[PDB]
Each structure stands twice: as structure tokens, then as C-alpha cells.
Number of protein chains: 2
Amino acid sequence: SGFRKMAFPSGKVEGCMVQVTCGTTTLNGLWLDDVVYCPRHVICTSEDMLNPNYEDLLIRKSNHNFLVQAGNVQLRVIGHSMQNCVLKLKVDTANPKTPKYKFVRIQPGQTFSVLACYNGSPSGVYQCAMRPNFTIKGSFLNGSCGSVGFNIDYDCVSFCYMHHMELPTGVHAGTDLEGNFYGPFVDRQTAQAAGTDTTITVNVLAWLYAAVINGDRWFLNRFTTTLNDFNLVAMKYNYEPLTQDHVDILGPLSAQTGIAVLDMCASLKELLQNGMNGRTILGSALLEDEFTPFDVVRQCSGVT
Amino acid sequence: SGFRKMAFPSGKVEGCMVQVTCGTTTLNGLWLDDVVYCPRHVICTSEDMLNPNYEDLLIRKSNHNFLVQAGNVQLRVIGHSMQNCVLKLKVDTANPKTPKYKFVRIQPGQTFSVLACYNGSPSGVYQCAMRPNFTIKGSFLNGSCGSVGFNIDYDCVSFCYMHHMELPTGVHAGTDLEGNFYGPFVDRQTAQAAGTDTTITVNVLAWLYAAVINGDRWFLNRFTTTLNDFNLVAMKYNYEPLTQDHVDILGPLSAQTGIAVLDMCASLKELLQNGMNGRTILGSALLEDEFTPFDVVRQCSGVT
Ligand SMILES: O=C(c1cc(=O)[nH]c2ccccc12)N1CCN(c2ccccc2F)CC1
Ligand SMILES: O=C(c1cc(=O)[nH]c2ccccc12)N1CCN(c2ccccc2F)CC1
């Protein structure tokens, strides 16, 4: 019993973290095989940050200008190239700690673990969700760029995120491991609009199922609703519309608890319209949306 | 910017997790040097669980009855002994992945990371606080016993907790790495009273300082209070009394923010007496107490 915001064990990713220095800027790199991946803004100066011409800036850089250090050993850079907003630094040594890995572009609403790093060294690990507006509510300081987000499937690490930026609003933006930003964000020190961030309904429902499995059942009511009636309430409260796909993914949790999805939707409807009245659910006084139905099943069944 | 419930990177601890089987029971063990540490209730049968005579049960067990497996390789047990509620299984091979480590008995109110494990394999990592009533609000299932709690100081892992039990109330109990239970708990399947759990005031204040540093300043008021006046409010709301030591530890956060500790106490007093009025602080609708002043400074300064 118990329900926590659980991150994946970070060991396989710690063995990939390196420090990348270019000129006077230092950030984090991800060493997989003979390649180090890092944000391309490592080549910027504090003058270039407002609107950098990365192609021009990279042209003034040679392999010897990229200092890559893993622990205390220097890696020799034999190639460099820009792929979207990431630089791929080819090194002469394959990382002996390279785990079985994939590069995946996650969907909004999906979750992942972040290993925050500074100077190539891991400082902490936390669980995040890619918001519907493609930002993440992380915890990042100067030098955190190049820290990665990931998921683990037994022995395989799926890298989904690389940290690039913090918007003036305190929210975080970044790319997949091919350098494509999640959302409309660009890697330049400018004010950028993060759109309206909605609540991930399927995750709030999955977390209501986790609450039911872990003893918290006060919010359960004698009501039911329809997809269309529930969605009228979800629209008013800036919640993602629930689809039949979402109902289907909630199927295992519905079967385990014996509470139909639309019955849980009716409980959520009343929680939105009436609030919590000073009560809590799984130790929280608000509706949590950073646990997918997969996260709930995994935490409530103990998948290692 | 940003503030998350951040766990330590778990790699150094993952390299220590083993599976320990005795008879038909399997749980987790911690392999450091040539010793595997695990809960002694690994030697219990489902008949023994209500009141086991561990000394008698251990006497019917020999080295060959303890099956220790690290990954897929079997370790050879050359010695066994009970130290309080843990068994120390001497193996013929020192763990090549043994990190620099210490065994520490943490204080109530202090925090630590848990690497939840099943069958010697890590499933997840989360941050916990040792409650003033010596329980932890973890996330643990069958087979999770032997999972450890820890802190890291650069390269040194301080092991502070080993998971043993879940009380009928859904809260968790366990020992330090010498087998001494935190609290009055005993390792037997009986109803055990977890005392009244108070709120860790110094941590709630540290988290109010984290909120101020991260833009959330709505709760700041034009008031001040005294230690004795604040403590009259802390008593009424089941909060730990604030001491001058707590004020001193809050010193760096007070200096960084320019808000005196007693001024922050006055804000907390009003938050307790008036509630949140539907607002949030660092994304939470309740007062968070699982971040020590050290955790706040570390997360807000980026210590790796
Ligand atoms: O390391 C950071 C940073 C990241 C973060 O998430 N939070 C912070 C909080 C306080 C100070 C700095 C940061 N940055 C340097 C590189 N920055 C950059 C972006 C685009 C183009 C050039 C650039 F140099 C983004 C900012
Ligand atoms: O693995 C667990 C367990 C631990 C947990 O924290 N949560 C659970 C939730 C559901 C089912 C089991 C658990 N237990 C087996 C060993 N138990 C035990 C304690 C004292 C004496 C003998 C014993 F066998 C404690 C219970």
C-alpha cells in the first residue's frame, strides 16, 4: 500500500552523463555508444543568446573546441554535427556503460523520470509529465541543460527528453533526442508563449483508481455520467476531453476495482463542481494528473 | 526555478541490491563488501508471522538455506548471524560495486530516498521523511522488504533505513542497518499503534522559503510573531514546537530571502488559522513538510 510520485531507478542514465564545455559555457551531455548528445546552445555566448545563428556559430567551432569530460577522463572528439537543436559529438571511445536504449518522442500526458545534472554529475531524480502544452514543470538551475528525461522497460532506457530552456514563467522546455523541441519553443533567450495548460483527465482518473485501491474511497458517489456530459464539465474546468481510447486504457483499473469508468467520471465531476471540502486524496488537496494508467498499474503491481 | 520532491540518484544503491530466499520466502538484501543485510523475517513461515521466536527459527537454518542471488549469479553463503531485526549473511565474494558507505540512524523530521525493490531488482525511487512518529509514508508491496532508504554526500551513501513492515493503517515501519526499528514497532504480524503524527514545522518553514525563492509569495504578510506565540498555534494544529536550533538551521534561507524566521512563522500562523482559501503553494494545496532546510538549499543551489 501507499502511493508516491515514483521515478525510475536512475543508474543506467547516470553512467551516460558527461560534461560538455565549449568556450566558457558548460552543460550536460549524454554519452551513448561513441556519440555525446547535448543542446546546441552550448556554442552560444551571452551576446548570442537573444537570436543566435547556430549554423554560423558552429562553423567557427572545431572538434578540439568541444571539451567532453566523463568523470575525470577527457574524451577525444573526432566529429561534430548539428541535428535540429542538438549537437552530436563523435568521440573515439564507446561508453562502456551504454545501456540498451531507444530514442522516443513521447506524447503529451505521458510521464517520465528526469535525472537533473550539473557539470556532468547527477544531483537528483524526479517524476514529470509532458504537459498538454508541451512544457514540463521541472526543477532546473544554471548548468542543468542537457539533463535527460527517460522511461525504462526492464533493461531498455527510452530517452524522451533533453532539457534546453526555462521560460520567463518558470516552466521548462526542451527537445526529444533528435533535437526537435516539444511544443513551439525555439532555443533563444526570448519571451515565448506557453499555451493554456489543461489537466490530463485520463491521469486524474487513473489516480482516482489508485486512491480507491489504497483505501481512499470517500469521493465515491451513487452517481454515473456519460462521456458527453462529463466532457461538458471537463471543458468548463480546463480538463482534456475524455475519449473512448481513454476509457479503454482505464479498463484494467476499472476491472481491478469493480468501478466502471463512467462511474469514476461522475465522482470526478462532483469533485470538480464541489471541490475537496478541506479533505485529501492520497495525501494531496488537489487532483493529481502526473500518473498515467500505466504508472498506477505498475506502482500498484510492483513491476521491476 | 521549480521545486520537486527530488530523490537522490539511485545508481550506487542499485549495484547493492540482491534477492534473498529462505525456504519459500523471498525478499531484498543489501550487499556491501562480503555481507548481505536483510530483514530477519525472511526466516518466517505464514504460521510464524503472529509471534515468531526468531532465535529458535534461525537455529533450524544453515548457511545453505539462505539463497542469495545478485542479478543472475548465485552468491555462496559462508556465515549467518542475527543482529537485532536484521540477518547478516556473510558471502565469499565482496560486492565489486560497493560504494563508499556509512550506516546512520536518522532523526525524525529528516528526509531520505527509498529505492523500492522486488526480487532484488529496483522498481522505483522516491523521497520520504522519517515521520516524528517514526513511520514513513512509503509505497511498498509484497516482496518490498529489504528495500533501503539512503542519503548521498558526494560519493558516500549513508544507509539509514531498511523496510520491514506495513502497519494495518497503510503506513510503513522499518529499521536502521543495525536492525534497530525506528519507533516502538516489532517484526511480527500484529496490530501496532503508530502514535500521533505531528507536522515537521522546520520543514514546512523551509518549504515556505523554497516557495518565496520560486516566485510564490502571496502568503507573505505584514505580520511577525514570537517563538512562544507561534508555538501556541503549532500546538493547536499538531505541529512540532519550533526551537532556537530550528531558527538557526533556517538562517541560510532567511539570509538568502531577506525574510526573518519569525516573519515567516507569522505567515505560517495565518496559513494555519485561515487555510489556503483555494490557492496553492509550489503546486500543492496543503503545507508540505517533507523538505528539510538542507533539501531546500541543495535543490535551490544545485549540489551534485
Ligand atoms: O542553464 C540555463 C538554465 C536553465 C533552466 O532551466 N533554468 C535556469 C534558471 C536560472 C539560470 C539558468 C537556467 N540556461 C542557460 C542556457 N540558456 C539558453 C537558452 C537558449 C539559448 C542560449 C542559452 F544560453 C537557457 C538558460
Ligand atoms: O512484504 C510484505 C509487505 C510489506 C509492505 O510494506 N506492504 C505489503 C503490502 C501487501 C502485502 C505485503 C506487504 N510483507 C511480508 C513480510 N511481513 C512480515 C512482517 C513481520 C514478520 C513476518 C512477516 F512475514 C510484512 C508484510
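Don't worry about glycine lacking a Cβ; one is built from the backbone with ideal geometry, like all the others, and counts go over all protein chains shown. Numbers and lists here come from the model and the stated rules, or from a named source; no laboratory instrument gave them.
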Original post:
Across segment B:216-256, which residue is nearest to A:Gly170 (Cα to Cα) among those that are of a type in the set (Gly, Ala, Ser) and exposed (fewer than 13 other Cβ atoms within 10 Å of the Cβ)?
Top reply: B:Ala255
Original post:
In this structure, does B:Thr98 turn out to be under 30 Å from B:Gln299 (Cα atoms), touching a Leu at 6+ places or on another chain (Cβ under 6 Å) and touching a residue at least 24 places away in the same chain (Cβ under 8 Å)?
Top reply: yes
**OP:** May I ask you to say which residue of B:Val157, B:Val171 is out of contact with any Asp or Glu (no Cβ under 8 Å at 6 or more places or on another chain), away from ligand 1 (no atom under 16 Å from the Cβ) and closer than 24 Å to A:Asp216 by Cβ?
**Re:** B:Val171
Original post:
Checking A:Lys102 against (1) surrounded by fewer than 24 Cβ atoms within 10 Å (Cβ to Cβ); (2) in a strand (DSSP E or B); (3) within 11 Å of another protein chain (Cβ to nearest Cβ), which single condition isn't satisfied?
Top reply: (3)
Original post:
In segment A:25-60, what count of residues is obtained for those that are under 21 Å from A:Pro122 (Cα atoms) and surrounded by fewer than 21 Cβ atoms within 10 Å (Cβ to Cβ)?
Top reply: 6
Subject >> Failed criterion for A:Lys97 (all others in (1) more than 26 Å from B:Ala210 (Cα to Cα); (2) within 11 Å of chain B (Cβ to nearest Cβ); (3) in a strand (DSSP E or B) hold) >> reply: (3)
Original post:
Considering A:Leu87, A:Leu58, which residue is within 20 Å of A:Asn119 (Cα to Cα) and touching a helix residue (DSSP H, G or I) at 6+ places or on another chain (Cβ under 7 Å)?
Top reply: A:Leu87
Original post:
What strands (runs of 3 or more DSSP E), lying completely within segment B:1-94, carry at least 1 residues that are away from chain A (no Cβ under 14 Å) and closer than 25 Å to B:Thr190 by Cβ?
Top reply: B:17-22, B:25-32, B:35-39, B:77-83, B:86-91
Subject >> Qualifying positions in segment A:44-59 - of a type outside the set (A, V, I, L, M) and within 14 Å of A:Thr25 (Cβ to Cβ) >> reply: A:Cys44, A:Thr45, A:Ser46, A:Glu47, A:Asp48, A:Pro52, A:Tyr54
Subject >> The one condition in (1) free of Cβ contacts under 8 Å to residues at least 24 places away in the same chain; (2) in contact with a strand residue (DSSP E or B) (Cβ under 7 Å, 6 or more places away or on another chain) that B:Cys85 fails to fulfil >> reply: (1)
Original post:
Restricting attention to segment A:27-42, which residues are within 16 Å of A:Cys145 (Cβ to Cβ) and not aromatic (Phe, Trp, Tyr)?
Top reply: A:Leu27, A:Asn28, A:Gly29, A:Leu30, A:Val36, A:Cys38, A:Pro39, A:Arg40, A:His41, A:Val42
Original post:
Can you name every residue in segment B:163-219 that is in contact with a strand residue (DSSP E or B) (Cβ under 7 Å, 6 or more places away or on another chain), of a type in the set (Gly, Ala, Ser) and part of a helix (DSSP H, G or I)?
Top reply: B:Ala211
Original post:
Taking segment A:136-162 only, how many residues are surrounded by fewer than 24 Cβ atoms within 10 Å (Cβ to Cβ), assigned to a loop (DSSP other than H, G, I, E, B) and more than 13 Å from the chain's Cα centre (by Cα)?
Top reply: 6
Subject >> The listed residue being in the same structural domain as B:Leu287 (by CATH), of a type in the set (A, V, I, L, M, F, W, C) and away from ligand 2 (no atom under 14 Å from the Cβ), out of B:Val204, B:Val157, B:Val125 >> reply: B:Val204
Original post:
Can you find even one residue in segment B:253-276 that is within 21 Å of B:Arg4 (Cα to Cα) and either under 24 Å from the mean Cα position of the chain (by Cα) or assigned by CATH to the domain that holds B:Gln107 (or both)?
Top reply: yes
**OP:** Scan segment A:149-170 for residues that are within 27 Å of A:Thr196 (Cβ to Cβ) and either in contact (Cβ under 8 Å) with a residue 40 or more places away in the chain or away from chain B (no Cβ under 11 Å) (or both) and report the count.
**Re:** 8
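Matching residues to (1) aromatic (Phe, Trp, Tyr); (2) under 17 Å from A:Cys300 (Cα atoms):
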site	(1), (2)
A:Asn203	no, yes
A:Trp207	yes, yes
A:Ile213	no, yes
A:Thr226	no, no
A:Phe230	yes, no
A:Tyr239	yes, no
A:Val247	no, no
Original post:
Consider A:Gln189 against the criteria (1) within 15 Å of ligand 1 (Cβ to nearest atom); (2) surrounded by 18 or more Cβ atoms within 10 Å (Cβ to Cβ): it satisfies all of them except one. Which criterion is unmet?
Top reply: (2)
Original post:
Going by the structure shown, is B:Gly15 free of Cβ contacts under 8 Å to residues at least 24 places away in the same chain, away from ligand 2 (no atom under 16 Å from the Cβ) and touching a helix residue (DSSP H, G or I) at 6+ places or on another chain (Cβ under 9 Å)?
Top reply: no
Subject >> Condition check for B:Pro132: in the same structural domain as B:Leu272 (by CATH), more than 16 Å from ligand 1 (Cβ to nearest atom) and touching a residue at least 12 places away in the same chain (Cβ under 8 Å) >> reply: no
